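K.L.:
A single structure is presented below for examination.
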Amino acid sequence: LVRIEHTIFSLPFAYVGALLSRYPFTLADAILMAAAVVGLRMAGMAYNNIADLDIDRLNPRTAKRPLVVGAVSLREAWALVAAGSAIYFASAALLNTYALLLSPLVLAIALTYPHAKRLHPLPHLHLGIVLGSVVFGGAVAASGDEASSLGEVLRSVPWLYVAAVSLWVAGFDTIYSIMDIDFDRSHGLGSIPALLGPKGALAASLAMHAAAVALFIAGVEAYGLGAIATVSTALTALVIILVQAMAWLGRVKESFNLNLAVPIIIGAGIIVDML
């Protein structure tokens, strides 16, 4: 099962990469961006529920997840995988030739992630590069109309925010993986808290989130930015500190739940900047 509404919280990071790429784009292009995200998230969320099924049945927390219960088939699931992948490839095609060209690599990143925990620890990075690929996509989505070569469109990407956003989610996924230290151990699943314990995860979490705020800041001087953007940059940097704060005070659910401010702050920041 997949809930489409959630994708709202992923859109801002795409438009960020489209703006911080000084190239222009149309309302049409902007809709295709959203579509591509919706597809990508659809496919990801779908395939996630599949690849983790065998172990989602064993874990107590995920015993309530769909298709563990049997609320949906693998068919219905694989249908959304195909569907999402398509409405991504579709939107990627109506955009640019580079967007389309890079589609499979971006989709690959999204679909390989659920296996990261089976190969190595720090799947949290893998998870974050997925959100990095969104802003990356947002960039290429703009630097194909209009653009010339691959060098340019790669030069078009604001890699600070790519890495910043990646380290941000890698950080709270690390905090989120504390509750599964026990289950991920024994069952041979890779986690950084399963490798270092809670105190040690919090640490690596803090290191990530530190470097995140560093980049969010460095992006101001670098990519110029302005008042509203700098205000937003500060607010997101502010939130990232509470999720750390609340997490070091145990109290991790509200810490995790807090991260929804960052999309909203960014999204609102863009909307106000346009006006």
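For the structure tokens, the naming scheme is as follows: chains receive sequential letters (A, B, ...) according to their order of presentation, residues are indexed from 1 within each chain, and ligands are indexed from 1 in presentation order.
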Determine, using only C-alpha atoms, which residues of region 100-133 of chain A have any atom at most 10 Å from an atom of region 180-198 of chain A, and tabulate each with its shortest atom pair and distance in Å to one decimal place, rows ordered by chain and then rising number, as a tab-separated table.

P.N.:
```
residue	atom	partner	partner_atom	distance
A:115	CA	A:189	CA	9.6
A:116	CA	A:190	CA	7.6
A:117	CA	A:190	CA	4.3
A:118	CA	A:189	CA	5.6
A:119	CA	A:190	CA	7.2
A:120	CA	A:190	CA	5.5
A:121	CA	A:190	CA	4.1
A:122	CA	A:192	CA	5.4
A:123	CA	A:191	CA	6.8
A:124	CA	A:191	CA	8.0
```

K.L.:
Export, as a compact mmCIF listing (two decimals), in the first residue's frame, the selected residues with C-alpha atoms.

P.N.:
```
# COMPACT_ATOMS: atom_id res chain seq x y z
CA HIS A 115 18.53 -4.31 0.18
CA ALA A 116 21.20 -2.05 1.65
CA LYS A 117 20.50 -3.42 5.14
CA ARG A 118 21.26 -6.90 3.78
CA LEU A 119 24.71 -6.03 2.42
CA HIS A 120 26.21 -3.49 4.79
CA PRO A 121 25.49 -1.13 7.69
CA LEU A 122 24.71 2.55 7.06
CA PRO A 123 21.71 2.00 4.75
CA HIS A 124 20.82 5.43 6.13
```

K.L.:
Given only C-alpha atoms, how would the per-residue table for region 117-236 of chain A near region 257-260 of chain A read, listing every residue at most 12 Å away with its closest atom pair and distance in Å to one decimal, sorted by chain and number, as a Markdown table?

P.N.:
```
| residue | atom | partner | partner_atom | distance |
| --- | --- | --- | --- | --- |
| A:165 | CA | A:259 | CA | 11.6 |
| A:168 | CA | A:259 | CA | 9.2 |
| A:169 | CA | A:259 | CA | 8.7 |
| A:170 | CA | A:259 | CA | 12.0 |
| A:171 | CA | A:259 | CA | 10.6 |
| A:172 | CA | A:259 | CA | 8.1 |
| A:173 | CA | A:259 | CA | 10.6 |
| A:175 | CA | A:257 | CA | 11.3 |
| A:176 | CA | A:257 | CA | 10.0 |
| A:209 | CA | A:259 | CA | 11.8 |
| A:235 | CA | A:259 | CA | 11.6 |
| A:236 | CA | A:259 | CA | 9.0 |
```

K.L.:
Quick one: pick out all helix (DSSP H, G or I) residues within region 34-171 of chain A from a backbone DSSP run and write them as a PyMOL selection string.

P.N.:
chain A and resi 34-51+53-56+74-95+97-119+123-140+150-155+159-171

K.L.:
Let's have the selection written as an mmCIF file, in the first residue's frame, with C-alpha atoms.

P.N.:
```
data_model
loop_
_atom_site.group_PDB
_atom_site.id
_atom_site.type_symbol
_atom_site.label_atom_id
_atom_site.label_comp_id
_atom_site.auth_asym_id
_atom_site.auth_seq_id
_atom_site.Cartn_x
_atom_site.Cartn_y
_atom_site.Cartn_z
ATOM 1 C CA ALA A 34 5.806 16.585 -9.165
ATOM 2 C CA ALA A 35 4.570 13.664 -11.254
ATOM 3 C CA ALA A 36 8.083 12.176 -11.355
ATOM 4 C CA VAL A 37 8.331 12.446 -7.572
ATOM 5 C CA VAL A 38 4.900 10.874 -7.081
ATOM 6 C CA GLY A 39 5.937 8.008 -9.338
ATOM 7 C CA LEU A 40 9.302 7.550 -7.707
ATOM 8 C CA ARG A 41 7.805 7.545 -4.206
ATOM 9 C CA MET A 42 4.997 5.249 -5.348
ATOM 10 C CA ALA A 43 7.474 2.715 -6.743
ATOM 11 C CA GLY A 44 9.808 3.037 -3.775
ATOM 12 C CA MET A 45 7.147 2.730 -1.079
ATOM 13 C CA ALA A 46 5.630 -0.174 -2.991
ATOM 14 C CA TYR A 47 8.832 -2.160 -3.520
ATOM 15 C CA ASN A 48 9.921 -1.408 0.048
ATOM 16 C CA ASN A 49 6.904 -3.290 1.410
ATOM 17 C CA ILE A 50 7.870 -6.191 -0.852
ATOM 18 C CA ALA A 51 11.621 -6.557 -0.366
ATOM 19 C CA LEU A 53 8.238 -8.575 3.573
ATOM 20 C CA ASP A 54 9.997 -11.689 4.869
ATOM 21 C CA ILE A 55 11.357 -9.725 7.839
ATOM 22 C CA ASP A 56 8.432 -7.323 8.127
ATOM 23 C CA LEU A 74 2.021 -8.840 -4.049
ATOM 24 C CA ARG A 75 0.215 -8.382 -7.337
ATOM 25 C CA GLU A 76 -1.456 -5.170 -6.176
ATOM 26 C CA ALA A 77 1.953 -4.168 -4.827
ATOM 27 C CA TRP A 78 3.959 -5.039 -7.933
ATOM 28 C CA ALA A 79 1.242 -3.147 -9.811
ATOM 29 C CA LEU A 80 2.203 0.098 -8.066
ATOM 30 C CA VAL A 81 5.889 -0.629 -8.609
ATOM 31 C CA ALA A 82 5.216 -0.852 -12.323
ATOM 32 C CA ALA A 83 2.766 2.056 -12.171
ATOM 33 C CA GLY A 84 5.099 4.363 -10.289
ATOM 34 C CA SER A 85 8.118 3.461 -12.394
ATOM 35 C CA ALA A 86 6.031 4.289 -15.441
ATOM 36 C CA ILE A 87 4.600 7.644 -14.346
ATOM 37 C CA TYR A 88 8.189 8.506 -13.490
ATOM 38 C CA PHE A 89 9.625 7.419 -16.852
ATOM 39 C CA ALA A 90 6.641 9.162 -18.430
ATOM 40 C CA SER A 91 7.216 12.529 -16.782
ATOM 41 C CA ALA A 92 10.974 12.125 -17.286
ATOM 42 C CA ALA A 93 10.367 11.788 -21.045
ATOM 43 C CA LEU A 94 8.196 14.894 -21.460
ATOM 44 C CA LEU A 95 10.836 16.927 -19.654
ATOM 45 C CA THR A 97 16.488 13.852 -22.836
ATOM 46 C CA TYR A 98 18.916 14.023 -19.917
ATOM 47 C CA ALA A 99 16.091 13.611 -17.434
ATOM 48 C CA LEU A 100 15.022 10.499 -19.337
ATOM 49 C CA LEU A 101 18.629 9.355 -19.739
ATOM 50 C CA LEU A 102 19.236 9.502 -15.976
ATOM 51 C CA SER A 103 15.811 8.048 -15.062
ATOM 52 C CA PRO A 104 16.939 4.424 -14.669
ATOM 53 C CA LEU A 105 19.873 5.367 -12.432
ATOM 54 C CA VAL A 106 17.652 7.436 -10.141
ATOM 55 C CA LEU A 107 14.983 4.703 -10.077
ATOM 56 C CA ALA A 108 17.684 2.128 -9.418
ATOM 57 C CA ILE A 109 18.846 4.092 -6.359
ATOM 58 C CA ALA A 110 15.295 4.075 -5.031
ATOM 59 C CA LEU A 111 14.681 0.375 -5.596
ATOM 60 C CA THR A 112 18.052 -0.897 -4.375
ATOM 61 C CA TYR A 113 17.780 0.818 -0.979
ATOM 62 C CA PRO A 114 15.618 -1.887 0.722
ATOM 63 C CA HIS A 115 18.535 -4.312 0.176
ATOM 64 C CA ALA A 116 21.199 -2.052 1.651
ATOM 65 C CA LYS A 117 20.495 -3.417 5.141
ATOM 66 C CA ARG A 118 21.263 -6.901 3.782
ATOM 67 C CA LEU A 119 24.712 -6.027 2.418
ATOM 68 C CA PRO A 123 21.708 1.999 4.754
ATOM 69 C CA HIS A 124 20.816 5.426 6.125
ATOM 70 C CA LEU A 125 23.107 6.997 3.540
ATOM 71 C CA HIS A 126 21.491 4.953 0.783
ATOM 72 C CA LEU A 127 18.143 6.217 2.067
ATOM 73 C CA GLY A 128 19.340 9.818 1.959
ATOM 74 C CA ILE A 129 20.857 9.754 -1.494
ATOM 75 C CA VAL A 130 17.276 8.883 -2.552
ATOM 76 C CA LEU A 131 16.124 12.292 -1.383
ATOM 77 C CA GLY A 132 19.313 13.748 -2.872
ATOM 78 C CA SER A 133 18.286 12.236 -6.192
ATOM 79 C CA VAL A 134 15.081 14.283 -5.944
ATOM 80 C CA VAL A 135 16.800 17.656 -5.844
ATOM 81 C CA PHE A 136 19.206 16.249 -8.460
ATOM 82 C CA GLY A 137 16.182 15.376 -10.585
ATOM 83 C CA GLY A 138 14.777 18.827 -9.967
ATOM 84 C CA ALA A 139 17.991 20.290 -11.317
ATOM 85 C CA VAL A 140 18.226 18.128 -14.457
ATOM 86 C CA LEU A 150 25.789 16.352 -19.643
ATOM 87 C CA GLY A 151 28.652 18.350 -18.165
ATOM 88 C CA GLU A 152 26.434 21.424 -17.935
ATOM 89 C CA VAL A 153 23.449 19.665 -16.434
ATOM 90 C CA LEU A 154 25.765 18.075 -13.863
ATOM 91 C CA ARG A 155 27.306 21.515 -13.279
ATOM 92 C CA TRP A 159 25.438 19.516 -4.734
ATOM 93 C CA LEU A 160 25.594 21.180 -1.317
ATOM 94 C CA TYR A 161 21.863 20.731 -0.850
ATOM 95 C CA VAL A 162 22.153 17.267 -2.385
ATOM 96 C CA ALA A 163 24.610 16.292 0.340
ATOM 97 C CA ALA A 164 22.918 18.434 3.002
ATOM 98 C CA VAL A 165 19.493 16.850 2.523
ATOM 99 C CA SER A 166 21.063 13.369 2.302
ATOM 100 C CA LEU A 167 22.916 13.740 5.603
ATOM 101 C CA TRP A 168 19.794 15.138 7.233
ATOM 102 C CA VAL A 169 17.646 12.060 6.603
ATOM 103 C CA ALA A 170 20.602 9.735 7.095
ATOM 104 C CA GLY A 171 20.740 11.330 10.521
#
```

K.L.:
For a quick check of understanding, using only C-alpha atoms, which of A:26, A:12, A:212, A:240 has the smallest distance to residue 268 (chain A)?

P.N.:
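That would be A:12, the residue with the smallest distance to residue 268 (chain A).
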
K.L.:
Between A:178, A:270, A:68, A:239, which is the closest to residue 14 (chain A) once you count only C-alpha atoms?

P.N.:
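So, comparing all the options, the nearest one is A:270.
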